[PDB]
Structures are given as C-alpha cells and as structure tokens.
Amino acid sequence: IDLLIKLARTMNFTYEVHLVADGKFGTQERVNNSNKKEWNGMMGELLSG
Amino acid sequence: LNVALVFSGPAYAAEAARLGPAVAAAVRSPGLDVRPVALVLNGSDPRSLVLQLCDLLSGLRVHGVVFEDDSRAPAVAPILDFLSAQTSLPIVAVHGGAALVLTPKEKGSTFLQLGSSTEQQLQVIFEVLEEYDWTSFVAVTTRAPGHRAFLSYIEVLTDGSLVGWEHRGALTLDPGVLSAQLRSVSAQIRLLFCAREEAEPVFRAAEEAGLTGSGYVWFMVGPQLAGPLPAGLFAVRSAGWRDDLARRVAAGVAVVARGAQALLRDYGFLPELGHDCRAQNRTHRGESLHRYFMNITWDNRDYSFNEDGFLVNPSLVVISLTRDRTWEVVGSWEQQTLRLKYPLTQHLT
Amino acid sequence: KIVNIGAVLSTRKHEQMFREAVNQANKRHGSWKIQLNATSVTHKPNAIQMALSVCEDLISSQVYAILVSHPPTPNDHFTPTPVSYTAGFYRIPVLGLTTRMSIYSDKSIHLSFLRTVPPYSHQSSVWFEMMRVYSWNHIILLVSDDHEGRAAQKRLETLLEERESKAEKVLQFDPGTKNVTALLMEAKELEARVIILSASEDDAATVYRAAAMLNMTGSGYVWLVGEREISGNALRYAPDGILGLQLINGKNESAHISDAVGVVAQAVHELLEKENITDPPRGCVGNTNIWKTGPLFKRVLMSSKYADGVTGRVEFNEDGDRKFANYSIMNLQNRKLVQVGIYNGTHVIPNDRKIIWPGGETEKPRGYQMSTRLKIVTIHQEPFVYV
Ligand SMILES: *[C@@H]1O[C@H](CO)[C@@H](O)[C@H](O)[C@H]1NC(C)=O
Ligand SMILES: *[C@@H]1O[C@H](CO)[C@@H](O)[C@H](O)[C@H]1NC(C)=O
C-alpha cells in the first residue's frame, strides 16, 4: 500500500481499495463446464470487470 | 382422448390392427381413456403425408400422433416437424428411418424424439476405452452432408484426467486416391464420423489399404444405423432393435398420455385449439407442452426429456461384429457402469 | 432434350419477362439443346397448400431447379421455408431471391440452398472496416438473444482475434424487450462513447425512446446501425447521427432475374459428360429414389463469373454467401436521409456532401474517455499488506 500512494501522486489517479471475495490468488478450474474461461480469485475480478 | 398411431410401409398393414387392442389393454391409468386409430401410410410420398395426416387431423380430429418405422429414410422427420409447427400438437417418434438425431428444434414445435444425442454416445465410448486401456488413438471424419465437427469437439473438453489420453485430430476425406492421405494413421483405435450412404466407398478405400484385419480395429458410432465392412466393429443402438419395438407402441402412447393427465391435474382444461389444420390462419396460439417432461418415471428409469428432447439416460447398447458377416451384441451398458463381456512376432509376455 | 425449371414468384408481371428472357437466353447458349420453357406458378399466403403446391405442379413438370423470391408480404423466413424442405426431400437444388435471413446459413437443416443476395449476418464485416478506417477502438455492441443474435456475435469476434482488439463489453438483451433501462445503465460508465446496435426494427424503437430521456444521444456518441433497423418505426425517434447501411441491388430482382436464368443456362454446357445424366424423379404420387447428378454440377455453379447483370461481380460461395455486393453507406441528416459513400471489397469514402453527428458538431467525436477513477484488489499477506 505504501507503494500505491507513490504511484497515485505521480499520475493523478484516485482510488478505493477492497479485499478479495474469497482468499485465493487464482487459477483455472472446471469440473462440469468449459475448462478455460473459469478464473477465480483476483484473476477473476480483474478479468470480469 | 383421440390418440393416433401411424406407420409407414406396407409391412405394418397387418400389425396396424393387431396393436390396436394391445394399446388399450397395455395402457391403463386412472382418469384417462385411450382411443387409438390404426393407420398405414402410402409409402413416403410428400403430398399424401400432409394430406393423410391433416385430413385425419381434420376429419377425425386426432389428438397427438406417434409414428414409427424400421426403414432408413430420415427425410420426412423435418416435414413431420414442419406441419406440427402450425397445429401445436406434440409428435413423438420411436425408431427407424425418420427417428435419427435432429437439431435444432424448430420454433413453436414439440417434436419429441426417442433418440440419443451424438455427444452422449461419444461419452460412452471413452468409458469403454479406459476399460480396455487403449490410450493412443485417432478419430477420422470426412466432409459429409449434414455433418459438423462442432459436436465432435466434446473430446477436447474431456480427456483431462490422471490417466492421460493421446490424439492426432482427424483428416477429412472427399467423396471422390484416398490411399494418398489416409496413411497418416498411427493407432488401430479409429473413430468414424461420416455419412453411412457414402461410407461404402470409404470402406473400400480403407479396406484396400490393409486396414481391415484384427490388427486395426474400426469404430462405427453415430447416426449410421445398419441393423464390404471389416472385422471388429462397434456401434451404439439405444435399444433401437431390441426392447420389443412391437411393444413400444404402447410405451410411446403412454408418455404422451401422462402429459395430458399431468396437465389436467395441474390445470384442468380442454385446450383443443389444434383441432383443425386451417381453423385459424395464425401461429400465435400455443398450448404450452414444452414446459413438461421434467419428471417422467417409468420402467424403473427416468425419461425426463430435456430442451433438446432426447432421453437423458437411455439404455445405450454396445454391439460387435463377427468376422463371418454376423451381427452380435457384446456386453451391456447401464446407468454409470460398464459390465461387459471379455473384460480382460512383437507380442510377448 | 427439353429441361423444365421452377419459377415461383409473387407477381404476374414478372413471369412475363421470363418467357422473353428464356427466348433470349437460348440464343446466348447457342440453342444446341435449348428449348426451355418458363413454367411459373403463383403461391398463396394460406398455409394449407404451401405443403401441397410445392409438389402438386412443380415436380409433376419434371423440373431441374426452382427459383423462389421473397413476396412483398411483410414476412421473414416464412415463404422460402416450404421450398427448402420439398427441394431437399428430392435432393433438388433450390436458390433463393432476396433471401435476407440469417437462419438460411446452415447446411444441416437445408442440405441444398443458394441466394443471390447476402443476408444480414455478413454486414458485420462492413462494420469492422468502417471503425478501422475511422481509427475507432474500445467498442461495445448491444445485440438481442435469438438466431440472429448468436449469428451476430459469432462472425464479429473472428475478425478481431488477429489484432486481439476485443470489444469492451458484449452485453445482450432478450428479444422480448419491455422497458429496459437497467441494461442501458451498465453501458454508460464504461467510457465507450461508441455503440453498435443490431436488433430488429421494432426493438430499435424501444431502445431509442428508452435512451431519449437518458440524454445519451448527445455529442460524444457515435452509433453504428444495420439496414434492418433504419426503416419502419426505426426511422422515427432515432438519433440524429445515425449511420446506417443499405444495398443497391435490394428490393429489386429484374436484374437478378436475368442473372438467375443465365447461370442455370450455363449448366447445360457441362451437362454433356460420360457420367449419368439421369433426370430428376417425376411425379409426387410416390418415389423412393433421388437423382444423383445434383452435386456433380453444383461445384461448377460457384465456379462462374457471369459478367454484367449486377455490377459484374457474380461469384457465389457456400450456402448462398454472395461474396460480392455493394452496400452504399448512407446517413441521417436532420430528418432527410442522405448518402456519404459506397463500398465494395474495400471501402470507398467519397464524402458526397457532408457528415453530421449528434449535437451538430462539425468534427468527428472521438469516442473515448480517460478513467480517472479505478479500483484495486488486495489479499491479506502478513509482511506486505496487514489487515
Ligand atoms: C496532477 O494534477 C494536479 C492538479 O490537478 C497538477 O497540478 C499536476 O501537475 C498533475 N500532475 C502532473 C504530473 O502534471
Ligand atoms: C473497389 O474495388 C477496387 C478494385 O478491386 C478496390 O481498389 C477496392 O476494393 C475498391 N476501391 C477503392 C478505391 O477502395
């Protein structure tokens, strides 16, 4: 977070943080659906929107 | 209820009347009365098909029609689907020519099918493949009418497991020299997806290449019903030939009868809008039977037809082929197990 | 000797020019064996004979092919359906005229089919070059959920993966639109300013009115609009800067009639083969046989040029693709629609008179907006991010 402040000042972007819904970094999983297009964790929300 | 049973082919002329009383005796459910009418179609000509069906649909006011056959003529299935669109009367087929796979379902139609989806049959193959432990294999498909490789991409989604599987894709074969391309084969386990009508020249091209003996096995799985070919052949049947096809007439009339029996007990009414072919020149009125078949239990088995309208868990059958041009069925298939017969110079122990 | 053809249309005046054309196109072939007859028939809107008249008269005449045209009746994928099943039942090739529907594009249901007019599905490529030639990026699309809708997307992404210029959002709505405002709310904060709408003509009226009080049809809003959603009630209540396509050969078939007769006349020259030339089955009374030389001459049908007629770019491709066609991009100015330019295999932008955009700005509104507000995710990891 101490790094994030330095970036925000240099470039003028504001922000609001919020932690991850479920505490997992992110991988690909599929048991009853398409093998790809299944990103959970941080890799999910960044891709979703 | 004025239920109708029809047949195509003069061979069913004698059994059309015989199955009449059998349907009444076999089907016995509370609150429902069965009134079958025996019919025989005059061949498979188009204009009689609409004339005979609609005139019976108008003169006799049939309430639901079930058709069955043993031929190899799937042409009339969409047409039967086509006329049923403007009447909202559900139609269910049993087996034979006009009962193969169909997709998609036409708008405003309830043409139920007693068939097996291509993906479901392919899934059964891999269960057989692991039992015999044939890890290295390649499938072969050709450019054939009414074919799409999209339904064959279920294999790419599968095969991700702790045992691992190998593939080489497939090589297309033109209808019209074929030995110059089919040589790109490495494993005896080969899966075929092509038209049955043009398969015979395809078999001849492969047979002259030495891919006929027990060293190289052949798979014949798909809408290629047959009940010069090599030895060691396997196919999927879904009890098409067995399971008393002379008795299924009582089975097919039963499931549709339960549809109105359940609808009446869920919504008491008599919505006979489709009493006449040309009662109203419009296609905006529907009696909404597509919302049914969520729970169909009979013969200690589930017959819940999906949106696609095929048996979700049918009694698929694996069959073999004796070298002496003899058809045979090996092993058996059930819900989720594969109880099968025969489970277990360069071949040394 | 004599070859019969199917010429079902919806106008008794059109069938007159067939007789003189066949009595003219015969001399083009040289009349080695050309004694062809028109043999036209008129269809009826009623649904009883549409399953009967298909083989009541046509197959009794020993026809080799049939021509079907869209009647001026306000219907789609309705009239060319009966011929699709009947012709395929006998494996008879069937070609459509002004058949502008996307469901006539799969060979599974219609084994044999053709058309000399491209359908609405293929105009998606024309959108790509326009946004490419205008240096547009970060685009979104609003599509209904139906047969066209699935066919709407699937063509679009294939042309974008080479450059990986993926659309920002592909949000879609149901065809049964009724007071949809939440969906349009989502496509507001994403900083696109460019939207591609490809719904039906009725659906445009709802969204146009729904977007009216949302004030999202002002400046900084470029819209890409297909042909079907310009006319009708879509003409009313539309934004000013609507850009919409067209097709010059559309709504007419007289030039198509000459091309249709000529191309099948060319088939006769390559009917002279040592292979069997067996005639199609005769009579609808009863048949269990099909005539197998159909696909034999099919491969040559798309291997033809047939210069002139319609702009002289007649090629054909699988399932009536109709590779070459002029579109003639047009535009809305105030209320009177105008023209900006034409198009072919590669776009042409003559800029006939001018171009306008919502708000009347005389400058291309660059569709983009820098997002000076963005979120950050984080996980609880002890030495780096406490909680
Ligand atoms: C960021 O914005 C402030 C005021 O809005 C401005 O003074 C500053 O120069 C901007 N940052 C840079 C790097 O110019
Ligand atoms: C129209 O066709 C020509 C000839 O192929 C080609 O240059 C382009 O597709 C179009 N013309 C222009 C100037 O873009």
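Residues numbered from 1 in each chain as written, not as in the entry; some residues may be left out. Chains lettered and ligands numbered in written order. Part of a larger assembly, values for the part shown. Heavy atoms only, no water. Residues with missing side-chain atoms left out of burial classes, pairs and counts.

- As recorded in the PDB header, cryo-EM is the method behind this entry, and the stated resolution is 3.96 Å.

**Side note on the overall build of chain A**
Alright, step 1. When its secondary structure is counted, chain A shows two helices and one strand.
Alright, step 2. Reading chain A from its N end, one meets helices and strands in the order α-β-α.
Alright, step 3. Counting only C-alpha atoms and orienting by the principal axes, one finds that chain A spans roughly 45 × 20 × 15 Å.
Alright, step 4. When contacts within chain A are restricted to residue pairs at least 6 apart in sequence, those whose partners lie at least 24 apart make up 7%. (Helix = DSSP H or I, 4+ residues; strand = E, 2+ residues; numbered from the N terminus. Contact = heavy atoms within 4.5 Å.)

**Notes on the sheet that holds strand β3 (residues 63-69) of chain C**
All names here are of chain C.
Alright, step 1. With respect to topology, five strands assemble into an open sheet ordered β2-β1-β3-β4-β5, the strand pairing being parallel. The open sheet has two edge strands with one neighbour each: β2 (40-42) and β5 (114-115).
Alright, step 2. Relative to strand β4 (residues 94-97), β3 runs parallel, the two sharing four bridges. Its bridge partner being in β4, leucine 67 is matched across the sheet by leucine 95. (Pairing = 2+ DSSP bridges.)

**Observations regarding the interface of chain C and chain B**
Frequently, the measure chosen for interface size is the accessible area that the parts lose on association.
Alright, step 1. Listed as interface residues are 22 residues of chain C and, on the opposing side, 19 residues of chain B.
Alright, step 2. Interface area for chain C against chain B, summed over the two sides, is near 1700 Å², with a carbon-plus-sulfur share of 75%.
Alright, step 3. It is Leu52, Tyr85 and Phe89 of chain C in chain C that bury the most area against chain B; as a group they hold 33% of the surface buried on that side.
Alright, step 4. The partner of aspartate 146 of chain C in a salt bridge is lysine 107 of chain B, and the shortest N-O contact between them spans 3.6 Å.
Alright, step 5. On inspection of chain C and its partner chain B, the count reaches one residue pair in polar contact.
Alright, step 6. Per-element accounting of the side of chain C that touches chain B gives the leading share, four residues, to helix α3 (residues 80-89) of chain C. (Buried area = accessible area lost by both parts, 1.4 Å probe. Salt bridge = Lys/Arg side-chain N within 4 Å of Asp/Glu carboxyl O. Polar contact = N/O pair within 3.5 Å; in protein donor to acceptor, adjacent residues only side chain to side chain.)

**What about the UniProt feature "disulfide bond" in chain C?**
Residues and elements named next belong to chain C.
Alright, step 1. The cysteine pair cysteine 55 and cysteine 284, annotated by UniProt as disulfide-bonded, shows a sulfur separation of 2.0 Å, below the 2.5 Å cut-off, so the bond is present here. Taken together, the positions of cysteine 55 in helix α2 (residues 53-56) and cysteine 284 in the loop between α8 (254-266) and α9 (294-301) put the pair 229 residues apart, joining distant regions of the chain.
Alright, step 2. On the basis of relative accessibility, which here comes to 2%, the residue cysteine 55 falls in the buried class.
Alright, step 3. Judged by relative accessible area, which is 5%, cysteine 284 ranks as buried. (Disulfide = S-S within 2.5 Å. UniProt positions renumbered as here; feature names shortened; annotations may be inferred. Buried < 20%, exposed > 50% of the residue type's maximum accessible area, 1.4 Å probe, protein only.)

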